[PDB]
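In case you want the letters, here they are:
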There are 2 protein chains.
Amino acid sequence: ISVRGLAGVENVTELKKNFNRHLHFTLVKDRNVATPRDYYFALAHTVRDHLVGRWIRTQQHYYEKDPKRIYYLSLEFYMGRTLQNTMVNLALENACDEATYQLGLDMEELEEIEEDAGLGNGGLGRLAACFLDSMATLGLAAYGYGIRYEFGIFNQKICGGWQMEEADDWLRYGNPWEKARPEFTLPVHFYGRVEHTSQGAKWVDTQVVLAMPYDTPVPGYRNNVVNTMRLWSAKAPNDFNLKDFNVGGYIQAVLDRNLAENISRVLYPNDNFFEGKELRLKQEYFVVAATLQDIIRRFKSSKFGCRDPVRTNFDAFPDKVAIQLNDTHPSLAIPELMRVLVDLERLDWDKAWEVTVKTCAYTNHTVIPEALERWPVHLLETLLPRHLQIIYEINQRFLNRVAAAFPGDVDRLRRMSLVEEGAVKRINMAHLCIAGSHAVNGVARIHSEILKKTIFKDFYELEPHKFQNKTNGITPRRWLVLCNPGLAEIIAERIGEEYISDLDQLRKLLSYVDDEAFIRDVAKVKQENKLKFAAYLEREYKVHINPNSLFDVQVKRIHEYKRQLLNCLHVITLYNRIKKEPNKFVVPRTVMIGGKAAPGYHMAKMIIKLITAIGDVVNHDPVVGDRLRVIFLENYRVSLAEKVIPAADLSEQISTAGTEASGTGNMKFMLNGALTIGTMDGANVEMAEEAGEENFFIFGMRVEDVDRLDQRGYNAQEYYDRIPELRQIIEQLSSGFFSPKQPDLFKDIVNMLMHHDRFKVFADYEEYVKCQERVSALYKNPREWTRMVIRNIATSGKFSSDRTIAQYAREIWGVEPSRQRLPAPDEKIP
Amino acid sequence: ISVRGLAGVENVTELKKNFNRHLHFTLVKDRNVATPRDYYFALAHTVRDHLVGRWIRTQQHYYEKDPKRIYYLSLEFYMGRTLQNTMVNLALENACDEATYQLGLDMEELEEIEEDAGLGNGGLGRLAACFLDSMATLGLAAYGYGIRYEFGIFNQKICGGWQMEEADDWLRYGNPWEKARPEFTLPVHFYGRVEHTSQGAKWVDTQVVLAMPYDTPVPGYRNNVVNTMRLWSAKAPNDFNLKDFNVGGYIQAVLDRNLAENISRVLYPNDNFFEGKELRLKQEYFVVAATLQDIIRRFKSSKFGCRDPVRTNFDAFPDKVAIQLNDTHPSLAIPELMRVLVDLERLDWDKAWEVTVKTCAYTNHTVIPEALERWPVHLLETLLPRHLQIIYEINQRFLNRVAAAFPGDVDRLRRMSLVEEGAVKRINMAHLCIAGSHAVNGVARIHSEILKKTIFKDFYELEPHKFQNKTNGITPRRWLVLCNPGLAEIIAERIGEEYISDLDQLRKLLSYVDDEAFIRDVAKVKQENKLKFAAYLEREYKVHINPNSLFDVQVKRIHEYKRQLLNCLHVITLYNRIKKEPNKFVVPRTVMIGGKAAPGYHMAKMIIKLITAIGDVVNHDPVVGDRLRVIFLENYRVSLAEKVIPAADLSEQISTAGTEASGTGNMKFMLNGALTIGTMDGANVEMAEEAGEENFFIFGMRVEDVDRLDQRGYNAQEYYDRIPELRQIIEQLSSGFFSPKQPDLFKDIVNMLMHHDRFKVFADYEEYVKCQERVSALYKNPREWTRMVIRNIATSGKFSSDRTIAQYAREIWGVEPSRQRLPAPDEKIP
Ligand SMILES: COC(=O)N[C@]1(C(N)=O)O[C@H](CO)[C@@H](O)[C@H](O)[C@H]1O
Ligand SMILES: COC(=O)N[C@]1(C(N)=O)O[C@H](CO)[C@@H](O)[C@H](O)[C@H]1O
Ligand SMILES: *Cc1c(COP(=O)(O)O)cnc(C)c1O
Ligand SMILES: *Cc1c(COP(=O)(O)O)cnc(C)c1O
């Protein structure tokens, strides 16, 4: 059937009876009233049963051996569905497929019922998910720590061409994967004041919110390692949240509990944008405060909570603990670790600081200013008074270091301060992270260089040793074996299965680049993939596409820097050329644009309306026929990505040079047989460098050109004046060609494009459509297109998250990865 | 060990492996980190497994055979713990006791970990729970329908002698008994307006709240019948509760969902008191609206949703459906049933009314005015506009009936109206229920007569056939076999086990009233019970009592009509007499008073403070010694009742004649070997009548005397003037003898007692202490005390809820009870 494992005789039988056990005893249903949803849960529970045994021994193991622990703090974990992934990592896929088949059910139909764990916005959240999978696969004693939002990223609905947001009640029917652990609930404090008494400061008169943990298993790839993702939930104490007496109402007091519990109710839907709301700051301290207590508790036991030197010496803390900050969201971990060590454990400042810096590491994910976290001091002042005092003290000592290093450099001092003066004083969280971490890294080579040359230049000059790079990656399990079994099979037919946990081995595919059968096969799976997606489209969304055309897709969050608008200009151009010479042949294309717009991002929502507007015109023009279709992919999410990427021919990664830190969708497309048209931005550079620029469609300004233009001054009118095709499009938008009933509908877009385009869309227009012509040319030659595809796939190995994690492990965490199978799952009951 | 069933070889082994399965697979723990709480859950899950099989076949059965269905609508279901009860009804107790013993655990210790399902206030809620158990035991196709509050009755804490309320987070660790059924979620409407168009009215522009059901199994006693208790939970729709667009905030919109979901957040803690809050009214319509849809859906399928006459003829609705209204809380079921039949199904008014009256029955539980539900019209007008119109129309037609029956009786018309004029117009829910039901019943013989003679006199004259009586009862399973296995065993040793489901058989115990061994045994279990309670006291609450003294207990909600104050006067009297003649012998007593005070009931909270105040003095007087102890039983609830009642010697049921509708605690004490001192009120009359007044300690005014006094006019000064002992107590309270630091602390109590005692405490004082002297006399003669006890126990049979339910069944529902074992639980998987 494929190498989804063995469909053993004893195990298919075993699976079937357990499926029935759960349907009866767990779901309390009988075959006569069971629905596909019930069948999905019975299966989910049956599958979950197989990893609890391994989950328990893995955790017990780490307790016995006591290795260094890695704590990945992130406010986002974009997990997606987990049924299939679990089957794949446990080699259960074929057996489950067989068993359910014998039970008369279609596993694929049941898999579609599982709700996505959308506790993420985009790249940053999904990176965290891929990392978890890789850390498990590499045998690291790692823990994912976050917030259990009851409402993840909103579900997007298109109404009249506009985006409509609606609550993502992903827990509505329950989550069979998580395990509530109310017995490990911890208290978290807010507000209050600071008392300075005799021997130390005291955080007093605080409001208490409880943090209840929920553990979700994270299985490594076929190695019997099952790590843990711990998500905190906010709960109100039953005392003060009722007991602070003297009139108000008993009923009201109980109803008001949903004020402390609002902390974990919803994820902020912002991608690369900072919103300084109090609720957000609360979420940030909540995950940090709860997590740290858990970390220290584990440390106090270790082998120190037995003997060792005997005296809670936190000197070995950094040797046993490593906490990675996914961006600045969990940045409060630094002053919080200090607070606990100094205020509670009573360590001297300097010893505490040494420990803190040695256990913390910070990862930066963007350079755009509006995404940078700068919290107003009056907010920190009210909500976390002691942390503000600690931050000021950290700032004081850090600046003294600078002054001593750069005597008399008074501007450098203000530039480097953690405190920003002006309208309102703010705290620069990024500056805090650099000061309190022993390592700072970018997510792509160019992005990392930009940090050193630009944004964090002064910090780099001060401590050059802190700055590193760790190019992002993706997990070959979910992003290849899971979503594209067809491609994984044919690769396996030639080079084996060892590449799934050793993606570099894909290079061996280079020697089949002239293999006639392989070329035919690679081309076949892609055709099968396109057919299945074209079908899904009519199934779930309804209104035909042509599977023979070039599948041109751009899927990612809607942003001005991502330039979906530039994609728009090209689409309209294609349209206008066809209308000019109708009876001239052109390579057919289905251009699919999908992504979510943050609810408050007006421009982004205007772009979504533009895309649908273009489709309204283009898709109903008889002269165009089936040569050009414009489709907006609704509710783009992980589960939808697993469907479109394997069916894509052309991947669009056209952000303005220097704005996309890395990107990961680009890597997803490369490993799945799509060719990339893009700019020398983020990881695109390393991808082209790995496949060879001849096998990539690069165009546009490089970073240098962008800066040259800025020195000069960007004037969009120039481009409008010298390019008639561009001029024609702008006047079409301006006159209502794409919006008849509301002719001025797109005035904001035009206005922006002509007067305040921060991402110089026009500057890359000419080189973009010219480059697009080159891909159309190559698509006309199936054999050569496929051979170039093979060159990309065979060369994507470097982009696996296993590589990324191995580097973090060795160069930052100080731990050694291991592909050693944990000693079976085998029963056991001590 | 006892007749807690057989500890079979095959089943103890089977139990143990399933206990281990759950501890591993369900709880995801290993013996080395498992806590008593984990052990309790493993067991709970193991036990629950045994009734799912029966649960499924019971429900399937009713679907096949299609008998008349009984729907018990109540806003309260005071369930308590359910582990032991389930073991008892499935004959699993000894086997579980053995198995857990072999696993090295103490079952009793694990049982104490289960949280109480406190979804009730007192009598009314517990009655509903006992009824459910009896309906299951009598094989009735019955369904309990209510609200799943996430916070039940508050947990009471005594601080400085005052009651402190704190949220009852009973779901904190989960509920292994319930089964969420999200797939059966239903919509419920609120607000909106009424449109009158061509062919009918339309309820329009309403706000939608979703009702999600949670099913809990209700097992009959050893007959393999497992009925269902369906509890609704409020959930916000994800559309409008987000989709009603045009600025407000996406985050805020999501946070605001906890506005629609507040409907099922907390139970109103009022016992016999009406609070006209909007939230309450919402709860009342919510349970009614959701339940009715479920009822009609089931009816539409039946055997009509196949064939029958073919034409949704609701003429057979009353032949297939019976809905019992537990008080007026679910009274909206009447106009709601009309709304659906008339507005949606399109039946003519008269045919609809006939159906409604024929399927609905109302049970009244109190005659005190402040407990009567009278909803302001402006509230119904805003929240349920169509229901108000329907009510007015029902009123119009009803009054026309009256006018026609009593021509010219204009005062009768206003008196009987469902609408009450005055300050604000109100709707008398009780009048509504009588008009729309074919049966109205009281809960005790005297209470039922009082309804006919007083409160509902006019209604009785109009339709004498509607009024009946159904004396309350209690379940012998929980209230005897479960809480007092020792007593159940010795009874079983003489007369067998058939009495558990046929309590009348207890009469056979009359022939052992002179049996020397029996008297010794009955006396022994009570001594063992007192010793165990005296121990629990020091274990969980701490500060000694004497097990040889007379256990004088009064446990029920704190109310002015219950007269805990009269009990107080007696206690102080005993104290004063001892202080007067220290070296005179008196029968030692431990008087225990426990109960909860509604948060807004100032007087009730003042009485709790008085009780503790008396104990502060009495319990620390050296001259008193161990002859008199005053203890306030904290957090009185079902699980606590199962502990005190079996250990009680004297039961206090001293409410003012005519105020306690029935009472059920009194029955609990009688069947558990306690003697009753009380007034001729509620069911006390029938109890004394059943045991013989010689075996009861009756005192005080009868109803007639109360009324005589009211004609005359009650003057408490008279009593104060003629009784020096009474005078001495009042002056002690007034001067601060019981409250030194705050001498005027009890001025409200004294003031009330002397000037506004609605329950004439003083009028029954003299006859009360005189009667108390008689019980002390009899306690001095152990042999005769025990023989009188045997006379009560042997004669309590009539007070089993099986008797009560059999009468409801035959005289109101029109169904026949059956003690037929359902065809085993045996596997099966169709
Ligand atoms: C806070 O900045 C970010 O979130 N940055 C992003 C992203 N928005 O997902 O992170 C991911 C993961 O590193 C990068 O691939 C992407 O280029 C970058 O923009
Ligand atoms: C609404 O009135 C009531 O709730 N009445 C009560 C009770 N408060 O529990 O109901 C129970 C059950 O019928 C009666 O035994 C008790 O005397 C009566 O007061
Ligand atoms: C991989 C992924 C992303 C990141 O896309 P980029 O193109 O790097 O912005 C965002 N959303 C989903 C659902 C993803 O799978
Ligand atoms: C039986 C019961 C009641 C009713 O007591 P009465 O004396 O009838 O008021 C109230 N509370 C609990 C916990 C009960 O078990």
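Per the PDB record, this model was obtained through X-ray crystallography at a reported resolution of 2.38 Å.

In the nomenclature of the PDB entry, chain A corresponds to GLYCOGEN PHOSPHORYLASE from the organism Oryctolagus cuniculus. We quote the UniProt Catalytic activity comment for chain A here in full: "[(1->4)-alpha-D-glucosyl](n) + phosphate = [(1->4)-alpha-D-glucosyl](n-1) + alpha-D-glucose 1-phosphate". Of the comments in the UniProt record for chain A, the one headed Sequence similarities reads "Belongs to the glycogen phosphorylase family."

Draft legend 1. Looking closely at the site of ligand 2. Residues and elements named next belong to chain B. Close contacts around ligand 2 come from 14 residues, with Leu124, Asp327, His365, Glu660 and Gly663 the closest. Between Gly123 and ligand 2, the recorded distance is 3.1 Å, taken from a backbone N or O atom to an oxygen atom. Contacts to ligand 2 include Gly663, whose backbone N or O atom sits 2.6 Å from an oxygen atom. Considered on its own, ligand 2 offers 420 Å² of accessible surface; in the complex 96% of this is hidden by protein. Here the shell around ligand 2 is composed, by residue class, of 4 nonpolar, 7 polar and 3 charged. Both domains that furnish three or more residues to the shell around ligand 2 are identified here as domain 1 (1-473 + 801-824) and domain 2 (474-800).

Draft legend 2. Quick peek at the sheet that holds strand 24 (residues 675-678) of chain B. Residue and element names in this part refer to chain B. Reading across the sheet, the 6 strands line up as 22-21-20-23-24-25 and stay open at both edges, with parallel pairing between neighbours. The open sheet has two edge strands, strand 22 (628-633) and strand 25 (697-698), and neither has a second partner. Packing against the sheet, helix 23 (residues 602-618) makes contact with strand 21 (589-594) and strand 22, and its axis sits at approximately 145° to strand 22. Of the strands in this sheet, strand 24 and strand 25 are in contact with helix 32 (residues 782-793), which crosses strand 24 at around 85°.

Draft legend 3. Highlighting the pairing of strand 2 (residues 77-80) of chain A. Residue and element names in this part refer to chain A. Burial of strand 2 is two-sided: the residues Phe77 and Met79 facing one way and the residues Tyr78 and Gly80 facing the other way are all buried. By the bridge criterion, 3 bridges tie strand 2 to strand 3 (residues 117-119) in an arrangement that is antiparallel. Bridging from a neighbouring strand, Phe77 pairs with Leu119 of strand 3.

Draft legend 4. Quick look at the sheet that holds strand 16 (residues 419-420) of chain B. Residues and elements named next belong to chain B. What the 3 strands build is an open sheet, ordered 15-17-16; its pairing is antiparallel. With partners counted over all chains shown, the strands left at the sheet margins are strand 15 (374-376) and strand 16, one partner each. Here 3 bridges tie strand 15 to strand 17 (residues 426-428), and the two strands are oriented antiparallel to one another. Across the sheet, the residue bridging to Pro376 is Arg426, located in strand 17.

Draft legend 5. Representation of the environment of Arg783 of chain B. Residue and element names in this part refer to chain B. Within the secondary structure, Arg783 is located in helix 32. Separated by 500 residues in the primary sequence, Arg783 and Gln283 place their C-alpha atoms 53 Å from one another. Non-local contacts of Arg783, meaning those with residues more than four positions away in its chain, are made with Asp514, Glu516 and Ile519.

Cut-offs and rules
- Residues numbered from 1 in each chain as written, not as in the entry; some residues may be left out.
- Chains lettered and ligands numbered in written order.
- Heavy atoms only, no water.
- UniProt positions renumbered as here; feature names shortened; annotations may be inferred.
- Near = heavy atom within 4 Å.
- Polar contact = N/O pair within 3.5 Å; in protein donor to acceptor, adjacent residues only side chain to side chain.
- Areas by Shrake-Rupley, 256 points an atom, 1.4 Å probe, with all protein chains shown as cover.
- Nonpolar A, V, L, I, M, F, W, Y, C, P; charged D, E, K, R; others polar.
- Domains from an automatic or database assignment.
- Pairing = 2+ DSSP bridges.
- Helix = DSSP H or I, 4+ residues; strand = E, 2+ residues; numbered from the N terminus.
- Contact = heavy atoms within 4.5 Å.
- Axes fitted to C-alpha atoms, helices over the stretch in contact; angles between N-to-C directions.
- Buried < 20%, exposed > 50% of the residue type's maximum accessible area, 1.4 Å probe, protein only.

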